[PDB]
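One file, run.tsv, is given below (TSV, C-alpha atoms).
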chain	number	residue	atom	x	y	z
A	1	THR	CA	0.00	0.00	0.00
A	2	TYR	CA	1.29	3.44	-0.99
A	3	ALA	CA	0.19	7.07	-0.76
A	4	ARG	CA	1.18	10.56	-1.88
A	5	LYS	CA	0.75	13.77	0.12
A	6	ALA	CA	1.06	17.51	-0.45
A	7	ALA	CA	1.98	20.61	1.55
A	8	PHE	CA	1.17	24.25	0.79
A	9	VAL	CA	3.47	27.24	1.34
A	10	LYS	CA	2.01	30.20	3.26
A	11	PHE	CA	2.97	33.85	3.64
A	12	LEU	CA	3.74	36.16	6.58
A	13	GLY	CA	4.76	39.80	6.85
A	14	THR	CA	4.63	43.13	8.65
A	15	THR	CA	5.15	46.81	7.86
A	16	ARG	CA	7.09	49.60	9.58
A	17	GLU	CA	6.88	53.38	9.09
A	18	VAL	CA	9.05	56.33	10.17
A	19	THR	CA	8.35	59.96	9.30
A	20	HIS	CA	10.96	62.18	7.64
A	21	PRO	CA	11.45	64.74	10.47
A	22	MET	CA	12.04	61.93	12.98
A	23	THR	CA	15.21	60.97	11.07
A	24	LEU	CA	16.56	64.55	11.22
A	25	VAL	CA	16.44	65.25	14.98
A	26	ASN	CA	18.95	64.00	17.54
A	27	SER	CA	18.40	60.61	19.16
A	28	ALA	CA	19.15	59.49	22.71
A	29	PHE	CA	19.48	55.73	22.09
A	30	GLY	CA	21.04	55.46	18.63
A	31	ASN	CA	19.59	55.30	15.15
A	32	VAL	CA	15.86	54.63	14.97
A	33	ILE	CA	15.66	52.61	11.73
A	34	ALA	CA	17.82	49.82	13.16
A	35	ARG	CA	15.73	49.79	16.35
A	36	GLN	CA	12.51	49.46	14.34
A	37	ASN	CA	14.05	46.67	12.26
A	38	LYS	CA	15.09	44.77	15.39
A	39	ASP	CA	11.64	45.18	16.95
A	40	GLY	CA	9.94	43.91	13.80
A	41	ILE	CA	12.30	40.94	13.50
A	42	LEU	CA	11.75	39.89	17.12
A	43	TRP	CA	7.97	40.34	16.86
A	44	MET	CA	7.76	38.20	13.73
A	45	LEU	CA	10.05	35.58	15.29
A	46	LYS	CA	7.66	35.30	18.25
A	47	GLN	CA	4.70	34.98	15.88
A	48	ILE	CA	6.54	32.21	14.00
A	49	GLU	CA	7.28	30.44	17.29
A	50	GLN	CA	3.62	30.40	18.31
A	51	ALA	CA	2.34	29.54	14.82
A	52	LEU	CA	4.60	26.47	14.78
B	1	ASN	CA	8.92	128.50	-42.26
B	2	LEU	CA	6.42	129.40	-39.52
B	3	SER	CA	5.74	125.80	-38.44
B	4	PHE	CA	7.51	122.91	-36.73
B	5	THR	CA	10.44	120.82	-37.97
B	6	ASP	CA	11.63	117.27	-37.32
B	7	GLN	CA	13.60	118.40	-34.25
B	8	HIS	CA	10.37	118.78	-32.26
B	9	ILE	CA	9.45	115.08	-32.65
B	10	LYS	CA	10.35	113.32	-29.40
B	11	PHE	CA	8.38	110.15	-28.64
B	12	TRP	CA	8.64	108.66	-32.15
B	13	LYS	CA	12.44	108.87	-31.89
B	14	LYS	CA	12.58	107.20	-28.45
B	15	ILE	CA	10.22	104.19	-28.49
B	16	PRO	CA	12.13	100.97	-29.33
B	17	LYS	CA	11.44	99.51	-32.76
B	18	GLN	CA	11.28	95.86	-33.82
B	19	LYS	CA	10.54	94.05	-37.07
B	20	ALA	CA	7.24	92.32	-37.81
B	21	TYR	CA	6.61	89.36	-40.11
B	22	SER	CA	2.80	89.13	-40.06
B	23	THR	CA	-0.36	91.12	-39.47
B	24	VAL	CA	-0.92	89.26	-36.18
B	25	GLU	CA	1.91	89.05	-33.63
B	26	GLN	CA	1.71	86.89	-30.51
B	27	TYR	CA	3.60	86.87	-27.22
B	28	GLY	CA	3.49	84.94	-23.95
B	29	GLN	CA	3.05	86.28	-20.41
B	30	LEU	CA	3.73	84.89	-16.93
B	31	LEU	CA	1.08	86.29	-14.59
B	32	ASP	CA	1.52	84.32	-11.37
B	33	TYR	CA	3.55	81.61	-9.63
B	34	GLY	CA	0.75	79.77	-7.83
B	35	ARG	CA	-2.51	79.99	-5.94
B	36	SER	CA	-2.84	81.46	-2.45
B	37	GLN	CA	-3.27	78.17	-0.62
B	38	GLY	CA	-1.95	77.27	2.80
B	39	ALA	CA	1.80	76.73	3.01
B	40	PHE	CA	1.95	74.97	6.41
B	41	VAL	CA	1.54	71.19	6.59
B	42	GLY	CA	1.44	68.87	9.57
B	43	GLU	CA	4.26	66.38	10.22
B	44	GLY	CA	4.48	63.65	7.55
B	45	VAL	CA	1.63	64.53	5.18
B	46	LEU	CA	1.58	65.15	1.45
B	47	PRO	CA	1.26	68.89	0.68
B	48	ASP	CA	-1.31	70.19	-1.77
B	49	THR	CA	-0.46	70.78	-5.42
B	50	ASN	CA	-0.18	74.23	-7.00
B	51	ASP	CA	-0.03	75.43	-10.60
B	52	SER	CA	1.01	78.70	-12.23
Show this structure as structure tokens.
Amino acid sequence: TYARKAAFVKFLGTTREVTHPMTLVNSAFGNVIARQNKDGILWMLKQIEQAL
Amino acid sequence: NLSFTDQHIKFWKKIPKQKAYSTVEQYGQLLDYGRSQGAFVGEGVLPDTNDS
């Protein structure tokens, strides 16, 4: 007896926004784009962990 | 001679003179640079469009 099975690829994503003046002023804790990127990466990693 | 001469003609000898090539002569004018809309926008928004 034999069988054949299939699996379907799915899609995940998120979006991040930063206004233009925010990138011109001084910052207390470093560049903001990198911080937003890190936050998004960690958030999506947690979502992947729970979706698994 | 008890009348005028060509020395008394003033304005005809002072107005600039240019050549013409037709009975109708056209020229272009620039009347304005834009409408009197608001110039202040709020944070990261797209400003309105203006035309001359």
Could you list, as a list in words, every residue of chain A that has an atom within 10 Å of an atom of chain B, counting only C-alpha atoms?
->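 So the contacting residues turn out to be residues 18, 19, 20, 21 and 22 of chain A.
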Find the residues around residue 48 (chain A) up to 12 Å (only C-alpha atoms counted), leave out those fewer than 5 positions away in its own chain, and share them as number ranges by chain.
-> A: 10-13, 41-43
In Å, how far is it from CA of residue 32 (chain A) to CA of residue 16 (chain A)?
->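 Here the two named atoms are 11.5 Å from each other.
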